[PDB]
Amino acid sequence: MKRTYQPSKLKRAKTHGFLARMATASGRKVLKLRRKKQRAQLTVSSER
Amino acid sequence: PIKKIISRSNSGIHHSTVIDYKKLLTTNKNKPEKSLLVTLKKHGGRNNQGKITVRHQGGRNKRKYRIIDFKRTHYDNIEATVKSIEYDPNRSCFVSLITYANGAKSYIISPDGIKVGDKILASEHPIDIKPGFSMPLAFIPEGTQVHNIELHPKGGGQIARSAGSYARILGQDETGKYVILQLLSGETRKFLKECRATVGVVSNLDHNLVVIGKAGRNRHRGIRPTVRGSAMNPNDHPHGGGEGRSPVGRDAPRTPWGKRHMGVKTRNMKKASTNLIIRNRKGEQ
Amino acid sequence: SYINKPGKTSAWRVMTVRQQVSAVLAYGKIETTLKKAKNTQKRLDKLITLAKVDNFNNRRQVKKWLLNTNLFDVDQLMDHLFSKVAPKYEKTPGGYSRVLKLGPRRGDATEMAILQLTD
Amino acid sequence: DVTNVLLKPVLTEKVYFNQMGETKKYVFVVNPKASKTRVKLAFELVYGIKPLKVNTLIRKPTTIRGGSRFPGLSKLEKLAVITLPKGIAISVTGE
RNA sequence: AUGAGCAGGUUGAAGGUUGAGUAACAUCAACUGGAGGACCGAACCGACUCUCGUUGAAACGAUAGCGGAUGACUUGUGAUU
RNA sequence: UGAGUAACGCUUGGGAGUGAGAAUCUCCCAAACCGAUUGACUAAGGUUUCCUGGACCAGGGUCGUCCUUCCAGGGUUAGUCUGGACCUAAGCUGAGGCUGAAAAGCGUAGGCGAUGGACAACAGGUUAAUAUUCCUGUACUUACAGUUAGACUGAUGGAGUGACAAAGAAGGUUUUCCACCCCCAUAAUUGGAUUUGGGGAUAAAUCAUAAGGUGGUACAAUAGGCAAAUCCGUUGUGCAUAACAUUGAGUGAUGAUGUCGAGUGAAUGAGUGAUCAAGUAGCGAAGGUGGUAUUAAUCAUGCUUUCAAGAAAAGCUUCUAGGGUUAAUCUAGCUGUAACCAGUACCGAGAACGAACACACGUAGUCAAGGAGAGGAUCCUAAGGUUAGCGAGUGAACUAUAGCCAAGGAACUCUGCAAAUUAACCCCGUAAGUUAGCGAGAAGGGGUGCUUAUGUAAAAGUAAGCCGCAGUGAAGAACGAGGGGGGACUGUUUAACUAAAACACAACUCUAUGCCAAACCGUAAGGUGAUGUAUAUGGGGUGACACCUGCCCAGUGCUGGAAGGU
Ligand SMILES: [Mg+2]
Ligand SMILES: [Mg+2]
Ligand SMILES: [Mg+2]
Ligand SMILES: [Mg+2]
Ligand SMILES: [Mg+2]
Ligand SMILES: [Mg+2]
Ligand SMILES: [Mg+2]
Ligand SMILES: [Mg+2]
Ligand SMILES: [Mg+2]
Ligand SMILES: [Mg+2]
Ligand SMILES: [Mg+2]
Ligand SMILES: [Mg+2]
Ligand SMILES: [Mg+2]
Ligand SMILES: [Mg+2]
Ligand SMILES: [Mg+2]
Ligand SMILES: [Mg+2]
Ligand SMILES: [Mg+2]
Ligand SMILES: [Mg+2]
Ligand SMILES: [Mg+2]
Ligand SMILES: [Mg+2]
Ligand SMILES: [Mg+2]
Ligand SMILES: [Mg+2]
Ligand SMILES: [Mg+2]
Ligand SMILES: [Mg+2]
Ligand SMILES: [Mg+2]
Ligand SMILES: [Mg+2]
Ligand SMILES: [Mg+2]
Ligand SMILES: [Mg+2]
Ligand SMILES: [Mg+2]
Ligand SMILES: [Mg+2]
Ligand SMILES: [Mg+2]
Ligand SMILES: [Mg+2]
Ligand SMILES: [Mg+2]
Ligand SMILES: [Mg+2]
Ligand SMILES: [Mg+2]
Ligand SMILES: [Mg+2]
Ligand SMILES: [Mg+2]
Ligand SMILES: [Mg+2]
Ligand SMILES: [Mg+2]
Ligand SMILES: [Mg+2]
Ligand SMILES: [Mg+2]
Ligand SMILES: [Mg+2]
Ligand SMILES: [Mg+2]
Ligand SMILES: [Mg+2]
Ligand SMILES: [Mg+2]
Ligand SMILES: [Mg+2]
Ligand SMILES: [Mg+2]
Ligand SMILES: [Mg+2]
Ligand SMILES: [Mg+2]
Ligand SMILES: [Mg+2]
Ligand SMILES: [Mg+2]
Ligand SMILES: [Mg+2]
Ligand SMILES: [Mg+2]
Ligand SMILES: [Mg+2]
Ligand SMILES: [Mg+2]
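Parameters and conventions
- Residues numbered from 1 in each chain as written, not as in the entry; some residues may be left out.
- Chains lettered and ligands numbered in written order.
- Part of a larger assembly, values for the part shown.
- Heavy atoms only, no water.
- Helix = DSSP H or I, 4+ residues; strand = E, 2+ residues; numbered from the N terminus.
- Buried < 20%, exposed > 50% of the residue type's maximum accessible area, 1.4 Å probe, protein only.
- Contact = heavy atoms within 4.5 Å.
- Areas by Shrake-Rupley, 256 points an atom, 1.4 Å probe, with all protein chains shown as cover.
- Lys, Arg positive; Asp, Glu negative; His and termini not counted.
- Charge placed at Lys NZ, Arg CZ, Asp CG, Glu CD.
- Near = heavy atom within 4 Å.
- Polar contact = N/O pair within 3.5 Å; in protein donor to acceptor, adjacent residues only side chain to side chain.
- Nonpolar A, V, L, I, M, F, W, Y, C, P; charged D, E, K, R; others polar.
- Pairing = 2+ DSSP bridges.
- Axes fitted to C-alpha atoms, helices over the stretch in contact; angles between N-to-C directions.
- Arc of directions from axis to C-beta.
- Parallel < 35°, antiparallel > 145°, perpendicular 65-115°, else oblique.
- Left-handed = near helix turned anticlockwise from the far one by under 90°.
- Patch = residues over 30% accessible without salt bridge, like charges linked within 9 Å, V, L, I, M, F, W, Y side chains within 5 Å.
- Salt bridge = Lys/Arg side-chain N within 4 Å of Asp/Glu carboxyl O.
- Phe/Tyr/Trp six-rings, centres within 6.5 Å; stacked < 30°, edge-to-face > 60°.
- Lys NZ or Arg CZ within 6 Å of the ring centre and 35° of its normal.

### Quick look at the overall build of chain C
Along the backbone of chain C there are four helices and three strands. By principal-axis analysis of the C-alpha atoms, chain C measures approximately 50 × 35 × 25 Å. Looking at chain C residue by residue over its 119 residues, the buried ones come to 38%. For chain C, contacts bridging at least 24 residues in sequence account for 55% of all contacts bridging at least 6. Summing over all exposed atoms, chain C offers an accessible surface of approximately 7900 Å²; the carbon and sulfur share of this is 51%. Each charge sign in chain C was given a centre, from 23 positive and 10 negative side chains, and these centres are 8 Å apart.

### Overview of the protein's contact with RNA strand E
The environment of RNA strand E is made up of 25 residues, and the closest members are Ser 9, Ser 11, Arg 219 and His 220 of chain B together with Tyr 2 of chain C. One of the side-chain N or O atoms of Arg 3 of chain A is found 3.2 Å from a phosphate oxygen in RNA strand E. One of the backbone N or O atoms of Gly 216 of chain B is found 3.3 Å from a base nitrogen in RNA strand E. Mapped onto the surface near RNA strand E, the elements with two or more residues apiece are α1 (9-16) of chain A together with α1 (215-221) of chain B. In terms of residue count, α1 of chain B provides more of the surface near RNA strand E than any other element does, four residues in total. Residues of the surface near RNA strand E, tallied by class, amount to seven nonpolar, eleven polar and seven charged.

### Observations regarding the sheet that holds strand β2 (residues 97-104) of chain C
Residues and elements named next belong to chain C. Taken in spatial order, the three strands make up an open sheet running β1-β3-β2, and their pairing is antiparallel. The open sheet has two edge strands with one neighbour each: β1 (29-33) and β2. Adjacent strand axes in the sheet meet at a mean angle of 25°, parallel and antiparallel pairs treated alike.

### Section: the protein's contact with RNA strand F
Taken together, 163 residues sit near RNA strand F, with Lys 9 of chain A, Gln 49, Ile 212 and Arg 267 of chain B together with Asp 108 of chain C positioned nearest. Here, RNA strand F places atoms within 4 Å of the protein, and 75% of those atoms are sugar or phosphate. Here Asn 218 of chain B contributes a side-chain N or O atom positioned 2.8 Å from a phosphate oxygen of RNA strand F. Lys 271 of chain B is positioned such that a nitrogen or oxygen atom in its side chain is 3.5 Å from a phosphate oxygen of RNA strand F.

### Some thoughts on helix α2 (residues 36-46) of chain D
All names here are of chain D. Among the residues of α2, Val 39, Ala 42 and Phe 43 are the ones counted as buried. Across the axial projection of α2, the buried residues extend over an arc of 100°, all falling on one side. Among the exposed residues of α2, those pointing more than 90 degrees away from its buried face are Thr 37 and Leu 45. Those residues of α2 hidden inside the fold are in contact with β2 (25-30), β3 (53-59) and β6 (77-83). Following α2 by one or two positions, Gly 48 has its phi on the positive side, about 115°.

### So, the packing of helix α1 (residues 10-26) of chain C against helix α2 (residues 34-50) of chain C
All names here are of chain C. At their nearest, the axes of α1 and α2 sit 9 Å apart, and the two run at 65° to each other. By the criterion of interaxial angle, the relationship of α1 to α2 is roughly perpendicular. The two elements α1 and α2 meet at a crossing, and its hand is right-handed. Together, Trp 12, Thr 16, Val 17, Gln 20, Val 21, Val 24 and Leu 25 of α1 and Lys 36, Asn 39, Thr 40, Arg 43, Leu 44 and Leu 47 of α2 make up the contact between the two elements. Among the residues forming the contact of α1 with α2, the class breakdown is seven nonpolar, four polar and two charged.

### Focus on the arrangement of the chains
One finds no contact between chain B and chain D; the C-alpha atoms of the two approach each other to within 42 Å at their closest. What separates chain C from chain D at the closest point of their C-alpha atoms is a distance of 32 Å, and the two make no contact.

### Focus: the sheet that holds β2 of chain D
All names here are of chain D. One open sheet accounts for four strands, arranged β1-β2-β6-β3; its pairing is antiparallel. Bordering the open sheet on either side are β1 (8-9) and β3, each of which pairs with just one other strand. Here six bridges tie β2 to β6, and the two strands are oriented antiparallel to one another. Among the inter-strand pairings, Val 29 is bridged to a residue of β6, identified as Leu 79. Taken strand by strand, α2 contacts β2, β3 and β6, and its axis lies near 120° from that of β3.

### A look at the environment of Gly 21 of chain D
Residue and element names in this part refer to chain D. Here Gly 21 lies in the loop between α1 (13-18) and β2. When its relative accessible area of 48% is taken as the criterion, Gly 21 is described as partly exposed. When the C-alpha positions of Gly 21 and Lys 86 are compared, they lie 9.4 Å apart, and in sequence the two are 65 residues distant.

### Section: the pairing of β2 of chain C
Residues and elements named next belong to chain C. With six bridges joining them, β2 and strand β3 (residues 111-117) adopt antiparallel strand pairing. When the sheet's bridge partners are listed, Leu 100 is paired in β3 with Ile 114. The hairpin turn running from β2 into β3, its antiparallel successor, is six residues long, and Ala 109 in that turn takes a positive phi close to 60°.

### Thoughts on unusual backbone geometry
Residues and elements named next belong to chain B. Of note in this structure, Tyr 21 is not a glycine but carries a positive phi near 55°. Along the chain, the position of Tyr 21 falls in the loop between β2 (17-19) and β3 (37-39). For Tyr 21, a relative accessible area of 24% puts it in the partly exposed group.

### Considerations on a nonpolar patch on the surface
Residue and element names in this part refer to chain A. On the surface, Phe 18, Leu 19 and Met 22 cluster together to form a nonpolar patch covering roughly 310 Å² of accessible area. Examined against the element boundaries, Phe 18 turns out to sit in helix α2 (residues 18-21). Look at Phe 18 and you get partly exposed, because its relative accessible area is 34%.

### Notes on the packing of aromatic side chains
The final tally for this structure, using the stated rule, is seven aromatic pairs over all chains. The interplanar angle of 75° and the centroid separation of 5.3 Å between the aromatic rings of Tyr 21 of chain B and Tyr 87 of chain B together place this pair among those described as edge-to-face. Taken together, the positions of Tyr 21 of chain B in the loop between β2 and β3 and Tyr 87 of chain B in the loop between β5 (80-86) and β6 (95-100) put the pair 66 residues apart, joining distant regions of the chain. Each ring, one from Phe 28 of chain D and one from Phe 43 of chain D, has its centre 6.2 Å from the other, and the planes form 65°; the classification is edge-to-face. Here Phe 28 of chain D, found in strand β2, pairs with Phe 43 of chain D, found in helix α2; they are 15 residues apart in sequence, far enough to count as distant. Considered together, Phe 28 of chain D and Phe 43 of chain D belong to a single accessibility category, that of buried residues. A connected cluster of aromatic rings, assembled from ring pairs, spans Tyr 21, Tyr 87 and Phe 94 of chain B. Sitting over the ring of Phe 70 of chain B, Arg 161 of chain B keeps its end group 4.1 Å from the ring centre.

Set out below in structure tokens:
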């Protein structure tokens, strides 16, 4: 069946990318929290 | 006039009717002038926020807007000639590709009764009472049909622009301005002396009698299915809920957003144009 | 339970016998399961006794059983059977083949059997 | 110019297949940020014979030593395939 | 918004041409024309029934039938509420 | 504990070899399924899963010497391909600016944004793994400089083109296909063989010729195209069976003394031999004539009809402006120089993707063989590919899937649920009712095989004869009649228990709305309505078509109203 996640290299980067998060106050706050937790994968940009 | 459609497709029966478009249009082919042709973007009944605002709108076919000269004031004192009566998908009334003496081309709302080769001319002096001639309202004798009436001076035509729409002149006022105009729906208004209008009735007088025969034709025209309020849930509409087919239930019918809307007047009387209205289809003011 | 395997159909059984009998006539030994050797033995003996006259009718009868092998074709197996193998068993009253039991397989524990032409 | 865009020559079966038969093809590894024109200039300033043409390869990094206690990624390589004209064959080692 | 897809086979509308006919219309006959939310039926879309499965092959399917299949159709990519 | 129990998730036999150990690994011969696909090319995604050698801790529902697992090494070559350096659609961002307690929202100029437009390369070969990329052969395009000859050059702006819908049917040329012919191998011990089987090809580019398709052509006046115009538009005149302009599938010649080619087929070396080596290197013949009442591709962004009236910009051509005049620029030719960045492996799915699984599920497009057949339906196979990653027995009860069942034929059951009958083509015949379109493939019947002759371009058919219990002998094809309830109909709906009488629909009616319109999103700006104008828009109710829709204005709701009371 058509499952929920249909992978796309563009949609992912344009929705959860670093530039998408750095365009609104809410995204900057989310990035600040992830830096506080010291997440190695800060955003979906750093896939590898 | 109108012409019937005999489907002879054995899936229901529909006595569909369409405008002839053969004896009313010069060329049956679709050859609009390239210069005055901009494309229309279908909003789909959605505002700038992307939210549905006017329901039951969406799904029409691709159209290209034809620039129409509602003002008809730039090339005054210049004789124009009708070249072709064509079909405009953005208005029920036919549009004529007229050409001016200097070689300029334009589209105007086609008056009824004019044919190819009929001269037109607009200006701000008496001119002549001929069909298509546009002059200010001061010099038009009382009784003649006029369409494309201009509300604001130096503006463009706003009133009586649909197919088969016209208005009658009913004299003047003692003020020295506000010439009386009897419009459709039995409303009497006072239009300023300098306001400009075009004589003649708009073409396509038989747009009332066109009969759609199918859901698909109306869907392709750009109309989405309208769901009645009695079939809704008790949420999203006042007339919802119930156990079976239920009546209105309230004291009066209500809008989806919950106002009475039935028989109540919804005109803002504190408007500068109230004093220019003689009758409102029912009585005075 | 559905979408089951085709299975040991009657057509599959006949084809299995055909393949083993063609191989045992070509090489001379077959290392198979005991229950398959005990069924191929009947067809092997029947083919050998019918191929003792060497007339064209007997060739047509045998050709409904023989299959192509590596060492012989379907036409050279005919020459091998009618000129080399069958003439040897010219006065033997049946029992041209012997089936003997080897040890169990490592992955199945089924009883193997060698089928050979008894000289 | 600075000639830091010629990191290391590489010798494989493919390289030796090309490096015989009249025109020689020498494969080096270069700075991944360098362009073809920079590669030709570097060969000019450090060898002396103008390349006939240059081809470039980008080998993507991949996981190595998978399953080992600490897994590691590869290193980004840009490969350059210089081809000198007919009849000329210079040595990569010895100047 | 921009693209793509619907194997194959039938029915033969409006209209037009010709002839008869009419005082002139109307009407009738032949030919042309190829319309239909037309018909049968694959890909495709959907999910009406029996059986099986219900710690499944599968957090909704399999076999056998079944409805639509030029359209209020199906679908890819991109945007948006 | 259940319990060594259920389960192990669609595919066989044998010979030889390796190995300490083989149903499971390698090779060979068969065998069985796919064959509008399990075949081949790619988009998306996956991210080394690709090739070689080695290993059998772990993973593989068994085993394993083997793996898409692990280790080591290696593998992706572009001026022409897919995208940037070119252009825009929906939409996003958006200096100023508007709006808003703050954060922010809206939005102009600009800038991004393909799923579209413009743009120059084809054929063959080569490695274990790459190939319009490397090699060979033959080409093309865009820049810069020098040079020769000609010409006045003409854009950031104007104009034209670019530029387009759905359906349908005719043509032109190549094809598919048919017949003949050429070439290669074959001549057959099972009864007769006087034959059987296979192949018959060449591209981009250059030159010439082009069936046709599209649209009238020149001259003269001009006040219109943010200035200007010789271009466009407009108005006249002449000639208009044609001319002129543009476009155009195909054909011939080079490209080609090349390449490919059925087949023939080694050496060298490994090995005990066979065999590998390899069916590899190399060699490599013919490489054609006519028809077509059969085929698909192109011309074609061609033509006709219909209404639901069918993208933008870049680019190209042209116009002056503006710049030159003792010059610049452009055109054509020659010589030389240069052509950047990213992707290029492999899978593309009953094992590499989305489903936790080597999961019976799902995933855009392109190529589509033969026989019969309308067909891409159906059966069997071709090119090609796989061995459904637990087997061997037995043929108890019982279960699933199938097949069959004598006499009766719905007696079964809530109900003919399910199953069964019919089924393709051709020839007869076809009622009641009706909105005259339908009902209708109504109902009911008949024929189908093979041979000879006649028929045709081929048929179909016709006449005679023969065989079988049966002749679309197998596969794939509608069971029907009558009465009633509801919905007019085609459609839509509760992803995963309700597909229906429910929703919608064309149609009827009421109501609001004179445009800065009513209604609606927000707090506002702003926006939808609508680049619409009462033949228009929004909301309530009813739901083809035909005939009708009666009484009550007490209460409630709505509209209007003089004064008077609060
Ligand atoms: Mg434009
Ligand atoms: Mg509405
Ligand atoms: Mg409407
Ligand atoms: Mg309900
Ligand atoms: Mg409520
Ligand atoms: Mg209610
Ligand atoms: Mg009730
Ligand atoms: Mg069978
Ligand atoms: Mg590259
Ligand atoms: Mg239909
Ligand atoms: Mg426990
Ligand atoms: Mg236990
Ligand atoms: Mg037990
Ligand atoms: Mg048990
Ligand atoms: Mg068991
Ligand atoms: Mg299995
Ligand atoms: Mg098995
Ligand atoms: Mg098969
Ligand atoms: Mg495949
Ligand atoms: Mg891995
Ligand atoms: Mg491998
Ligand atoms: Mg290995
Ligand atoms: Mg194991
Ligand atoms: Mg090249
Ligand atoms: Mg861009
Ligand atoms: Mg694209
Ligand atoms: Mg490959
Ligand atoms: Mg013989
Ligand atoms: Mg001007
Ligand atoms: Mg590839
Ligand atoms: Mg699948
Ligand atoms: Mg998976
Ligand atoms: Mg499996
Ligand atoms: Mg696909
Ligand atoms: Mg076929
Ligand atoms: Mg099939
Ligand atoms: Mg039977
Ligand atoms: Mg029987
Ligand atoms: Mg019976
Ligand atoms: Mg009976
Ligand atoms: Mg009963
Ligand atoms: Mg009973
Ligand atoms: Mg049934
Ligand atoms: Mg009936
Ligand atoms: Mg009744
Ligand atoms: Mg219904
Ligand atoms: Mg239905
Ligand atoms: Mg459901
Ligand atoms: Mg259901
Ligand atoms: Mg407002
Ligand atoms: Mg608007
Ligand atoms: Mg109703
Ligand atoms: Mg009703
Ligand atoms: Mg009263
Ligand atoms: Mg009141």
